[PDB]
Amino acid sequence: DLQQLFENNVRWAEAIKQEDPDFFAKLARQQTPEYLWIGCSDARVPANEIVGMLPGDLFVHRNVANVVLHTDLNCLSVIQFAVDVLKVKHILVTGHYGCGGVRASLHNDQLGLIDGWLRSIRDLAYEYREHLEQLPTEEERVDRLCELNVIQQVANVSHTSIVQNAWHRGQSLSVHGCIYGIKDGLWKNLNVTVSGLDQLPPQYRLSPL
């Protein structure tokens, strides 16, 4: 029954209008979010609510297991629009514990199309197989891989020519990695923030255009 959503929407918009009748009118005149959220599609990880933001505050991309690929124009176009046009100051790469996408990457069932999408996470599980082997439970392995994934995705974002060129031209921009706890509602910093070219390995740095 869709009717509940439509009715919910009317109630929400009208309620807002009575507290501030110009709320949407002002918002609609320009888009000026300071943040881009790159997160998982998981229904339990809604960006605005988790960090207490309002409409207008967060440009958002969400996909299964918050994966950022350098050949993916879907995610890359959100990043490029955020960085080059909206000039967001921060990119929030937020993964979450108990991520089904990450979990799937540790198991050997075929899920179909998504098998290809999760390849880079499967690669990570292989790269860190020694580390993950020393963890006794499946849940610990999944949760650690969730962290490792966020840290990798922060690297993937920072290595884009989109981000590096923003830096080359003196634009202020930081990429952060955070992880959300679906079990406790807490959004935690993984402390892997990148804010400049000097923090990149030489093998990944691009010369200015």
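Numbering starts at 1 and follows the sequence shown.
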- [ ] Report the stretch with the higher mean CA temperature factor, choosing between 126-134 and 73-81 on the basis of the entry.
- [x] 126-134
Task: Greater mean Cα temperature factor according to the PDB record, 105-113 or 89-97 - done: 105-113
- [ ] By the entry's C-alpha temperature factors, tell me which of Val51, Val68, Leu173, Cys40 sits highest.
- [x] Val51
- [ ] Just say lowest, middle or highest third for the CA B-factor of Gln30 relative to the other modelled residues in its chain.
- [x] highest
TODO: Please rank the C-alpha B-factors of the chain's modelled residues and tell me whether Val142 sits in the lowest, middle or highest third.
DONE: highest
